[PDB]
>>> print(open('upload_25.cif').read())   # mmCIF, C-alpha atoms
data_protein
loop_
_atom_site.label_atom_id
_atom_site.label_comp_id
_atom_site.auth_asym_id
_atom_site.auth_seq_id
_atom_site.Cartn_x
_atom_site.Cartn_y
_atom_site.Cartn_z
CA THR A 51 161.22 -1.96 -50.01
CA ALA A 52 158.46 -4.56 -50.20
CA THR A 53 155.96 -4.20 -53.04
CA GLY A 54 153.10 -6.27 -54.43
CA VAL A 55 153.59 -8.73 -57.29
CA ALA A 56 151.38 -11.50 -58.63
CA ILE A 57 152.19 -15.07 -57.70
CA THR A 58 152.86 -16.26 -61.26
CA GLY A 59 154.83 -13.13 -62.03
CA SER A 60 158.49 -12.37 -61.43
CA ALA A 61 160.78 -11.07 -58.73
CA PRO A 62 160.88 -7.35 -57.80
CA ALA A 63 163.91 -5.06 -57.96
CA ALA A 64 166.77 -4.92 -55.47
CA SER A 65 166.53 -3.24 -52.08
CA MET A 66 168.90 -2.88 -49.12
CA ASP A 67 169.12 -0.56 -46.12
CA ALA A 68 171.90 1.99 -45.62
CA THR A 69 174.18 3.31 -42.89
CA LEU A 70 175.68 6.81 -42.63
CA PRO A 71 178.64 8.43 -40.82
CA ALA A 72 178.64 11.30 -38.29
CA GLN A 73 182.30 12.37 -37.80
CA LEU A 74 182.13 14.96 -34.83
CA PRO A 75 185.60 16.61 -34.91
CA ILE A 76 187.82 17.16 -31.85
CA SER A 77 191.00 18.77 -33.16
CA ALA A 78 190.87 22.57 -33.16
CA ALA A 79 190.17 24.62 -30.03
CA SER A 80 190.86 24.56 -26.31
CA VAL A 81 189.72 26.44 -23.18
CA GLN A 82 192.50 28.06 -21.14
CA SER A 83 193.42 30.50 -18.32
CA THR A 84 196.55 32.10 -16.80
CA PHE A 85 197.81 33.40 -13.43
CA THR A 86 200.68 35.96 -13.80
CA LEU A 87 201.77 36.15 -10.18
CA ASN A 88 205.03 37.76 -9.06
CA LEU A 89 207.62 36.37 -6.66
CA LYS A 90 207.48 39.21 -4.13
CA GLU A 91 203.66 38.97 -4.05
CA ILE A 92 203.87 35.33 -2.95
CA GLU A 93 206.23 36.15 -0.10
CA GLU A 94 204.82 39.28 1.57
CA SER A 95 201.34 37.70 1.47
CA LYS A 96 202.53 34.76 3.57
CA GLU A 97 203.64 36.69 6.66
CA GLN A 98 200.70 39.13 6.54
CA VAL A 99 197.32 37.70 5.48
CA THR A 100 195.21 35.86 8.08
CA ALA B 2 192.71 42.24 -9.66
CA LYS B 3 194.67 40.84 -6.71
CA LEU B 4 192.92 38.28 -4.54
CA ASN B 5 194.42 39.55 -1.27
CA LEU B 6 194.95 43.26 -1.93
CA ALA B 7 192.28 44.14 0.64
CA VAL B 8 192.71 41.36 3.23
CA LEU B 9 196.41 41.94 4.00
CA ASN B 10 196.79 43.71 7.31
CA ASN B 11 199.10 46.34 8.81
CA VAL B 12 200.87 45.17 11.98
CA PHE B 13 203.47 47.15 13.96
CA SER B 14 206.37 45.72 15.97
CA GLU B 15 207.79 46.06 19.49
CA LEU B 16 210.15 48.94 18.74
CA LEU B 17 209.02 51.86 20.88
CA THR B 18 211.79 54.47 20.86
CA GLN B 19 212.09 56.77 23.86
CA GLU B 20 212.48 60.21 22.29
CA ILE B 21 211.53 62.72 25.00
CA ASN B 22 214.09 63.84 27.59
CA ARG B 23 212.64 63.69 31.11
CA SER B 24 215.69 63.61 33.36
CA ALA B 25 216.11 64.44 37.04
CA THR B 26 219.72 64.89 38.15
CA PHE B 27 219.74 67.68 40.74
CA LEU B 28 216.63 66.25 42.37
CA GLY B 29 218.49 62.95 42.62
CA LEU B 30 221.10 64.05 45.16
CA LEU B 31 219.49 66.53 47.58
CA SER B 32 219.18 64.04 50.52
CA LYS B 33 215.39 64.10 50.88
CA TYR B 34 213.60 64.44 54.26
CA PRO B 35 209.96 63.99 55.39
CA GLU B 36 208.90 67.30 57.01
CA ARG B 37 205.29 67.03 58.22
CA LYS B 38 204.95 70.57 59.61
CA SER B 39 203.69 73.96 58.46
CA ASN B 40 207.00 75.80 58.10
CA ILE B 41 210.69 75.11 58.72
CA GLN B 42 212.37 77.33 61.30
CA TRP B 43 216.04 77.47 62.26
CA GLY B 44 218.42 80.01 63.77
CA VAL B 45 220.91 82.33 62.06
CA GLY B 46 223.49 84.01 64.27
CA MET B 47 224.97 87.40 63.42
CA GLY B 48 227.52 89.40 65.39
CA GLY B 49 227.21 92.34 67.71
CA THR B 50 229.72 92.11 70.56
#
>>> encode(input="upload_25.cif", output="structure tokens")
Amino acid sequence: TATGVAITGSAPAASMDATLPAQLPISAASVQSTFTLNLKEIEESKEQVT
Amino acid sequence: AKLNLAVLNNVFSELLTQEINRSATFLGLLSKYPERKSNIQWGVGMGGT
């Protein structure tokens, strides 16, 4: 703050700016996917498909 | 949901099996001849004396 006081007066009260936190968590969830392929499927689709 | 369930293709193999019976035995030993005429004529001799 910056207020008005007379020249033969006193000094005004205290004042100081402030900082704040933000904290944005990364600990909880995750994006995933699966395949589930057999072992006969990956053999008879190697001598057939073009 | 298979990713190549409709692109896989059906291919045969070189295994033709001869099943029908088309043989020719008696034709195979008759000692063939090329007769270019209308009719074959020969002589048959009976008795009589």
>>> atom_distance(input="upload_25.cif", atom1="atom CA of residue A:96", atom2="atom CA of residue B:4")
13.1 Å
>>> atom_distance(input="upload_25.cif", atom1="atom CA of residue A:87", atom2="atom CA of residue B:3")
9.2 Å
>>> atom_distance(input="upload_25.cif", atom1="atom CA of residue A:94", atom2="atom CA of residue B:13")
14.7 Å
>>> resolve_selection(input="upload_25.cif", expression="the PyMOL selection byres ((chain A) within 7 of (chain B))", output="list in words")
residues 95, 98 and 99 of chain A
>>> resolve_selection(input="upload_25.cif", expression="the PyMOL selection byres ((chain A and resi 65) around 9)", output="PyMOL selection string")
chain A and resi 51-52+63-64+66-67
>>> build_atoms(input="upload_25.cif", residues="stretch 61-88 of chain A", atoms="N, CA and C atoms", output="mmCIF file, in the frame of the given file")
data_model
loop_
_atom_site.group_PDB
_atom_site.id
_atom_site.type_symbol
_atom_site.label_atom_id
_atom_site.label_comp_id
_atom_site.auth_asym_id
_atom_site.auth_seq_id
_atom_site.Cartn_x
_atom_site.Cartn_y
_atom_site.Cartn_z
ATOM 1 N N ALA A 61 160.222 -11.565 -59.963
ATOM 2 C CA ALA A 61 160.780 -11.070 -58.730
ATOM 3 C C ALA A 61 160.993 -9.559 -58.821
ATOM 4 N N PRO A 62 160.668 -8.804 -57.767
ATOM 5 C CA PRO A 62 160.880 -7.350 -57.800
ATOM 6 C C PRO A 62 162.338 -6.916 -57.807
ATOM 7 N N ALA A 63 162.566 -5.606 -57.854
ATOM 8 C CA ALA A 63 163.910 -5.060 -57.960
ATOM 9 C C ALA A 63 164.658 -5.181 -56.634
ATOM 10 N N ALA A 64 165.930 -4.796 -56.656
ATOM 11 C CA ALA A 64 166.770 -4.920 -55.470
ATOM 12 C C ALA A 64 166.422 -3.859 -54.438
ATOM 13 N N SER A 65 166.766 -4.154 -53.185
ATOM 14 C CA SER A 65 166.530 -3.240 -52.080
ATOM 15 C C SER A 65 167.432 -3.638 -50.918
ATOM 16 N N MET A 66 168.009 -2.642 -50.245
ATOM 17 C CA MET A 66 168.900 -2.880 -49.120
ATOM 18 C C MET A 66 169.008 -1.599 -48.304
ATOM 19 N N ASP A 67 169.039 -1.729 -46.978
ATOM 20 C CA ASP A 67 169.120 -0.560 -46.120
ATOM 21 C C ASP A 67 170.537 0.025 -46.118
ATOM 22 N N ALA A 68 170.669 1.216 -45.536
ATOM 23 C CA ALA A 68 171.900 1.990 -45.620
ATOM 24 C C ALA A 68 172.296 2.528 -44.260
ATOM 25 N N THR A 69 173.603 2.702 -44.076
ATOM 26 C CA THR A 69 174.180 3.310 -42.890
ATOM 27 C C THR A 69 174.952 4.565 -43.300
ATOM 28 N N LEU A 70 175.108 5.494 -42.359
ATOM 29 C CA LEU A 70 175.680 6.810 -42.630
ATOM 30 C C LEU A 70 176.691 7.157 -41.545
ATOM 31 N N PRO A 71 177.668 8.017 -41.837
ATOM 32 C CA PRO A 71 178.640 8.430 -40.820
ATOM 33 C C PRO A 71 178.230 9.725 -40.116
ATOM 34 N N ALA A 72 178.994 10.087 -39.047
ATOM 35 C CA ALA A 72 178.640 11.300 -38.290
ATOM 36 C C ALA A 72 179.792 12.260 -37.998
ATOM 37 N N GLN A 73 180.975 11.747 -37.683
ATOM 38 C CA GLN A 73 182.300 12.370 -37.800
ATOM 39 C C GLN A 73 182.763 13.474 -36.834
ATOM 40 N N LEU A 74 181.880 14.205 -36.087
ATOM 41 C CA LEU A 74 182.130 14.960 -34.830
ATOM 42 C C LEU A 74 183.551 15.378 -34.439
ATOM 43 N N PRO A 75 184.157 16.379 -35.077
ATOM 44 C CA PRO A 75 185.600 16.610 -34.910
ATOM 45 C C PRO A 75 186.003 17.113 -33.522
ATOM 46 N N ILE A 76 187.142 16.614 -33.035
ATOM 47 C CA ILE A 76 187.820 17.160 -31.850
ATOM 48 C C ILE A 76 189.292 17.362 -32.221
ATOM 49 N N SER A 77 189.607 18.515 -32.812
ATOM 50 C CA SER A 77 191.000 18.770 -33.160
ATOM 51 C C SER A 77 191.455 20.220 -33.073
ATOM 52 N N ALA A 78 190.586 21.185 -32.786
ATOM 53 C CA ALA A 78 190.870 22.570 -33.160
ATOM 54 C C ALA A 78 191.070 23.519 -31.998
ATOM 55 N N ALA A 79 190.161 23.560 -31.032
ATOM 56 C CA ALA A 79 190.170 24.620 -30.030
ATOM 57 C C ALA A 79 190.308 24.045 -28.631
ATOM 58 N N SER A 80 190.512 24.941 -27.667
ATOM 59 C CA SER A 80 190.860 24.560 -26.310
ATOM 60 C C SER A 80 190.580 25.728 -25.368
ATOM 61 N N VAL A 81 190.111 25.427 -24.158
ATOM 62 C CA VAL A 81 189.720 26.440 -23.180
ATOM 63 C C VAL A 81 190.839 26.591 -22.160
ATOM 64 N N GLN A 82 191.288 27.830 -21.918
ATOM 65 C CA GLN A 82 192.500 28.060 -21.140
ATOM 66 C C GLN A 82 192.341 29.246 -20.182
ATOM 67 N N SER A 83 193.321 29.391 -19.277
ATOM 68 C CA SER A 83 193.420 30.500 -18.320
ATOM 69 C C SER A 83 194.863 30.624 -17.848
ATOM 70 N N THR A 84 195.205 31.797 -17.297
ATOM 71 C CA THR A 84 196.550 32.100 -16.800
ATOM 72 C C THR A 84 196.508 32.666 -15.385
ATOM 73 N N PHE A 85 197.692 32.855 -14.787
ATOM 74 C CA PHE A 85 197.810 33.400 -13.430
ATOM 75 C C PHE A 85 198.507 34.756 -13.412
ATOM 76 N N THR A 86 199.763 34.807 -13.865
ATOM 77 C CA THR A 86 200.680 35.960 -13.800
ATOM 78 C C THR A 86 200.812 36.509 -12.378
ATOM 79 N N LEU A 87 201.429 35.709 -11.519
ATOM 80 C CA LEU A 87 201.770 36.150 -10.180
ATOM 81 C C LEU A 87 203.270 36.398 -10.064
ATOM 82 N N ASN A 88 203.636 37.393 -9.255
ATOM 83 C CA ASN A 88 205.030 37.760 -9.060
ATOM 84 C C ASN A 88 205.699 36.797 -8.079
#
